[PDB]
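So the entry's author numbering is basically just the index in the sequence shown, starting at one, shifted up by 1.
Here's the structure we're looking at; comments come further down.
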Amino acid sequence: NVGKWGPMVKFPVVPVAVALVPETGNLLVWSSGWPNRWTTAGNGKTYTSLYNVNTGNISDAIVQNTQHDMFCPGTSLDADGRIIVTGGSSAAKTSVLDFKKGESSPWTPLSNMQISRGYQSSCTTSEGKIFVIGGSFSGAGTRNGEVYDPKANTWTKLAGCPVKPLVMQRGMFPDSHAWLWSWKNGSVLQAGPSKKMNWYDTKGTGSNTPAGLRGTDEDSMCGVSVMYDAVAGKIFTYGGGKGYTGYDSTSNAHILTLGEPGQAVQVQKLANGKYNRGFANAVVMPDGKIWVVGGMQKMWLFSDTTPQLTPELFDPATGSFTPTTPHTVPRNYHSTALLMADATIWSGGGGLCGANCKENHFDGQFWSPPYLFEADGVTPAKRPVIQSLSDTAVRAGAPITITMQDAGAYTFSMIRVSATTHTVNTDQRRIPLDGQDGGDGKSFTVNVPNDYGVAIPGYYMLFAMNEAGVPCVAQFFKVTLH
């Protein structure tokens, strides 16, 4: 159950930030105003490159954003699949890439934020708004909460969403990389990294209230988290350190269960994973498992030291970790990982620390999980195929009929299309879906969850898994607002 790595893929810029492009499933990567280094002030622009999943072509680096150096930003995908990037080296700026205008088309400007910032977390709310909080890499002033309304192109400060409750006890950027999870009725859970979790309400003038401690965990900066079953309110959390740098990361593992906003979050401690990680990435897969890749033990920036080179596959049903095939290149600070529509997982990056810096890793690979192989773990399985969807844009609650190429007993899931940088990926979540068989074992009808706190608006990958657990290549669709 180790899966398999594909060949090394090399980009012309260090892939410190990555995004899955809706509909094509291409992988968009970016560094900063340079291919190979960064500054706090930035270079007023960003270099990007695109990996084409159908041809394998890697594009030359282009200056795709001429106004914003998007190093160290917040990232979110909105209700229409636009990638909204906030702050970073150009600390006040909001930029948008709308894939409908072309994947290599220019990023365009949106309204500046109320509070300039960098290393914040951003998330798309149940209302389709974009909430940001924290972020002290760049910017100025107490990095309190604000919300973007994409229909009005406005940012509004939320007096009731102060950053103070989430700030960690120690270390650099203690208000940054919050573990933000959007939930019911415009709520946002800050699940960490501070051991003190907090609810935020993004409606009106805002509000906040304690959500409890994360069990007996310590503060866990650049730990990872992922909502692996949004219908059940389930979030997995792993690792991190008591400060941004200078401490040993942990191997602590927890499952959080969300009830109603404002109410205590239930926390279950699991057996620790085998490898303590800071600066790892975690990726939810269509079957509900989670892959944890990279990270280091003693946390330092721009460093290949104490690398964890063996990823782990976590099964939330059983609470169990198993090792997968090791990589040779460290994936520490500035590494990325991302689920693809073919159900493989990108892993790459790390560094961005000058010309001829040995810590720069321009490369990565795609990991094929065990579910793409037969029971020997080595022969590529024959995959099912989605022949049709009845609709590609549906509201919450709405039915989708999925027609499979081959008859069988299938299960289904929808995984929200996402983007990541600096261990932060608020966009990814998984919704399992039960399908009603149409009578031939080919057509199955599912319904999208009715609650927009569960089915956050935007683009999702629909996966179908045969009876043995092998997933199809996903089809894209969007969950639309009223």
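All C-beta atoms in this analysis are idealised placements derived from N, C-alpha and C, irrespective of residue type, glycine included.
Exercise for the section: Using a threshold of 9 Å, state whether the C-beta atoms of residue 258 and residue 173 are closer than that. Expected result: No; because the gap between Cβ atoms is not below 9 Å, this pair is not in contact.
Handout entry: Distance, residue 5 Cα to residue 275 Cα
Key = Rounded to whole angstroms, residue 275 to residue 5 spans 20 Å at the Cα level.
Problem - Cα-Cα separation, residue 193 to residue 225 - result: Cα to Cα, residue 193 sits roughly 9 Å from residue 225.
Practice task
Would you please state the rounded distance, in angstroms, between the beta carbons of residue 133 and residue 114? I believe it to be under 8 Å.
Solution key: That belief holds up - the Cβ atoms of residue 133 and residue 114 are roughly 7 Å apart, short of 8 Å.
Exercise for the section: Name the one or two DSSP bridge partners that residue 389 has. Expected result: For residue 389, which the question treats as bridged, DSSP gives the partners 404.
Practice task
Work out the CA separation of residue 290 and residue 400 for me, nearest whole Å.
Solution key: Straight across, the Cα-Cα distance linking residue 400 with residue 290 is about 25 Å.
Handout entry: Residue closest to residue 384, alpha-carbon to alpha-carbon, out of 374, 429 and 422
Key = Considering only 374, 429 and 422, the residue with the shortest C-alpha distance to residue 384 is 374.
Practice task
Leaving aside the five residues before and after residue 169 along the sequence, list all residues of the same chain whose C-beta is less than 7 Å from its C-beta, in chain order.
Solution key: Within its own chain, the residues whose Cβ lies closer than 7 Å to the Cβ of residue 169, once the five positions on either side in sequence are excluded, are 175, 194, 195, 220 and 222, listed in chain order.
Exercise for the section: Round the Cβ separation of residue 15 and residue 423 to the nearest angstrom and send it over; I've been treating them as touching at under 8 Å. Expected result: No, residue 15 and residue 423 are not in contact; Cβ-Cβ is about 13 Å, not under 8 Å.
Practice task
Within the same chain, show all residues whose beta-carbon is closer than 7 Å to that of residue 178, passing over the 5 residues directly before and after it, in chain order.
Solution key: Cβ neighbours of residue 178 within its own chain (closer than 7 Å, five residues either side excluded): 120, 122, 194, 222, 223, 423, 424 and 425.
Problem - Proximity below 9 Å, CB of residue 231 to CB of residue 38 - result: Taking 9 Å as the Cβ cut-off, residue 231 and residue 38 do not qualify as a contacting pair.
Handout entry: Inside the segment 140 to 195 only - alpha helix (DSSP H) runs reaching at least 4 residues
Key = You should have found no qualifying run.
Handout entry: Assumed close pair residue 398, residue 447 - CB separation to whole angstroms, cut-off 8 Å
Key = With 8 Å as the limit, residue 398 and residue 447 do not qualify as a contact, their Cβ atoms being about 11 Å apart.
Practice task
Count the C-beta pairs between the segment 247 to 266 and the segment 427 to 444 that are closer than 8 Å, then say yes if the count reaches three, no if not.
Solution key: No, the segment 247 to 266 is not in contact with the segment 427 to 444.
Exercise for the section: Compute the Euclidean distance between the alpha carbons of residue 94 and residue 407, then round it to the nearest angstrom. Expected result: When rounded, the separation of the alpha-carbon atoms in residue 94 and residue 407 is 49 Å.
Problem - In DSSP terms, what residue 313 is bridged to - result: Partner residues in the beta bridge of residue 313, as assigned by DSSP, are 293 and 324.
Exercise for the section: Below 8 Å on the Cβ atoms is my guess for residue 2 versus residue 378; work out the distance and round it to an integer in Å. Expected result: That belief holds up - the Cβ atoms of residue 2 and residue 378 are roughly 6 Å apart, short of 8 Å.
Problem - Backbone secondary structure at residue 373 - three-state DSSP - result: Residue state, collapsed to three classes: helix.
Problem - Length-filtered (3 minimum) beta strand (DSSP E) runs lying within the segment 200 to 281 - result: You should have 208 to 214, 225 to 230, 235 to 239, 254 to 258 and 267 to 270.
Exercise for the section: State the CB to CB distance for the pair residue 404 and residue 414, rounded to an integer number of angstroms; the pair is presumed to be in contact (CB under 8 Å). Expected result: Contact annotation, residue 404 with residue 414: C-beta distance approximately 17 Å; criterion of less than 8 Å not satisfied.
Handout entry: Within the segment 395 to 477, ranges of the beta strand (DSSP E) (whole runs, at least 3 residues)
Key = Listed in chain order, they are 400 to 405, 412 to 417, 420 to 422, 431 to 434, 444 to 448 and 459 to 466.
Handout entry: Under the three-state DSSP convention, the category residue 100 falls into
Key = Note: residue 100 maps to helix in three-state DSSP.
Handout entry: Cα-Cα separation, residue 91 to residue 380
Key = Their Cα atoms are separated by approximately 47 Å.
Exercise for the section: State the DSSP-derived secondary structure class of residue 85, mapped to helix, strand or coil. Expected result: Strand, per DSSP.
Problem - Proximity winner among 481, 479 and 474, relative to residue 55 (alpha-carbon distances) - result: When each option's Cα is compared against that of residue 55, the closest is 474.
Handout entry: Straight-line gap, residue 88 to residue 382 (C-alpha atoms, nearest Å)
Key = The alpha-carbon atoms of residue 88 and residue 382 are separated by roughly 43 Å.
Practice task
Kindly identify the DSSP beta-bridge partner or partners of residue 319.
Solution key: For residue 319, which the question treats as bridged, DSSP gives no partner whatsoever.
Problem - Where residue 124 sits in the DSSP three-state scheme - result: Judged by DSSP in its simplified three-state form, residue 124 adopts strand.
Handout entry: Pairwise C-alpha distance: residue 102 and residue 393
Key = If I take the Cα positions, the gap works out to 19 Å.
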